[PDB]
4 protein chains.
Amino acid sequence: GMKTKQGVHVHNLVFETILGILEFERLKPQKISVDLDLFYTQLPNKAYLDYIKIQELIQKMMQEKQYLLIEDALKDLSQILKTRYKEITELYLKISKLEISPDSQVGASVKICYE
Amino acid sequence: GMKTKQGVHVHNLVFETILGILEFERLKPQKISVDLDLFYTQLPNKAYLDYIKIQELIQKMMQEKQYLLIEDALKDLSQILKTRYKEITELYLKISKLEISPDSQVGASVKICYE
Amino acid sequence: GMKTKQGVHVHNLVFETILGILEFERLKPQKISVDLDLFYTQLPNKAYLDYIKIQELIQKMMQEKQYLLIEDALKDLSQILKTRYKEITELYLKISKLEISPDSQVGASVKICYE
Amino acid sequence: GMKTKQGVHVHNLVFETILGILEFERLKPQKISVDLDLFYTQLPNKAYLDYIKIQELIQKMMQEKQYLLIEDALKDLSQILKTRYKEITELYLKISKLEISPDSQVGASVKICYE
Ligand SMILES: Nc1nc2nccnc2c(=O)[nH]1
Ligand SMILES: Nc1nc2nccnc2c(=O)[nH]1
Ligand SMILES: Nc1nc2nccnc2c(=O)[nH]1
Ligand SMILES: Nc1nc2nccnc2c(=O)[nH]1
């Protein structure tokens, strides 16, 4: 009678990267903000989803791959994260462009439920 | 065993518009803040719900139509957005009046689940 | 194939009131913050849950009744709000004490689903 | 036709404690932020989940036990809180390390649903 959902959270991860499908955006890196939640039900004893690796992988994939659409980044990153942590039962990833519009915050996300 | 929910997000979209059912409010434009989430399961290849158009449409409809109740704006905007993006499975739209009361933030929303 | 949930929202409604079960707290009014969401499926034509009345009623009940526990306020206010707006399908009300502890924000809430 | 979920909330509880599995982190206390939601359906008359005790217990367990992984703290604290308040139907606890990385906020959580 007990359902336990563990999460690891990396929120407001901010760094600069080439990202975008419009030519003007790809001239120089721009500031983005990433939120990631990884959920699971059980790991091995003393095992953990290391937030250090997780943050470094997200930056590594974005900065090197220089994705076009945010949706392209979400597709690749989510598949990479699930392959690396097969135990996860749910993934939520949102990528926001902080400065692309002065009057709003825009972004795209993916929520994946694995059964 | 995999359910994927993609989202496009325009948050804290701030602009001035005529809005309101009380006569005093309609004399001059007032500052509002709009949050929109559009969710879907699949688009065509390299297709995307362009946050640029989405933001411009919301401003265009509010500024030109000069809605009375927030609920009138929500009714019209949601129907417009779904007609324009029939693929969406869920829409969340919230419109807030930033300055109408000095001691709170008031607003109205609509969450629509399409099956 | 369409489920529409309308909401009216009063967030971060801040005012001073007598509130508390500890004697020291009831000597003078203290600063609180109230969040209220009222959800419904349908109203009459051109009818609306007026956020003006809603905000004024919450302040009126808190300031006059000088509740003991936050839970006492939530019990009374929720019953009052549902009786006044029988059409609501869901109510969420959270009351927070802003200054009662310098190192956290504490509060209590009620979520009510009506069927 | 009425389902009522009461909550007690301690949010952004900030204090310093020894916490961490990396040797450098355990040399000195670091700033953390804790969010706790406790939900229930019914208590006795005039009974309440005292946010004062709750906040003090969380600080007491963290500062004295000097947990290794955040997940170790979550495991212990959640079991302690449920044992102390058997009436709870749902617990959400998130612990975040405020300064461990300058470019993000990292943390871990547990959501437990009791039936
Ligand atoms: N959804 C979406 N819309 C966009 N519009 C303009 C530029 N980039 C994008 C993008 O990356 N995603
Ligand atoms: N729900 C709601 N209440 C209101 N009250 C006053 C003014 N406008 C409004 C409005 O636009 N919506
Ligand atoms: N849950 C709860 N706990 C409290 N603890 C101390 C003071 N007041 C309260 C109160 O109003 N509610
Ligand atoms: N999930 C997780 N990852 C970590 N990585 C580094 C250091 N501590 C931790 C920790 O406490 N939890």
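Just so it is clear: chains get the letters A, B, ... in the order the sequence lines come, proteins before strands, and each one is counted from 1. Both ligands and their constituent atoms are indexed starting at 1 by order of listing.
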### Query
Can any side-chain N or O of C/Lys65 pair as donor or acceptor with the backbone N or O of C/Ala73 at less than 3.5 Å?
no
### Task
Determine yes or no for a side-chain-to-main-chain donor-acceptor pair under 3.5 angstrom, with B/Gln66 supplying the side chain and B/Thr17 the backbone.
no
### Task
Say whether D/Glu25 and D/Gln30, considering side chains only, have a donor N or O and an acceptor N or O under 3.5 Å apart.
yes
### Query
Going by atom types alone, do C/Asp35 and C/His11 pair a side-chain donor with an acceptor below 3.5 Å?
no
Distances under 3.5 Å, N/O of ligand 1 against N/O of the protein: list each pair and its distance.
residue, atom, partner, partner atom, Å
ligand 1, 1 (N), A/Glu71, OE2, 2.7
ligand 1, 1 (N), B/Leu49, O, 2.9
ligand 1, 3 (N), B/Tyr51, N, 3.3
ligand 1, 5 (N), B/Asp50, OD1, 2.7
ligand 1, 8 (N), B/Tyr51, OH, 3.3
ligand 1, 11 (O), A/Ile70, N, 2.9
ligand 1, 12 (N), A/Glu71, OE1, 2.9

### Flag side-chain contact, heavy atom, 4.5 Å: A/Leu77 against A/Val110
no
### Query
Is there side-chain contact between C/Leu43 and B/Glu71, with heavy atoms separated by less than 4.5 Å?
no
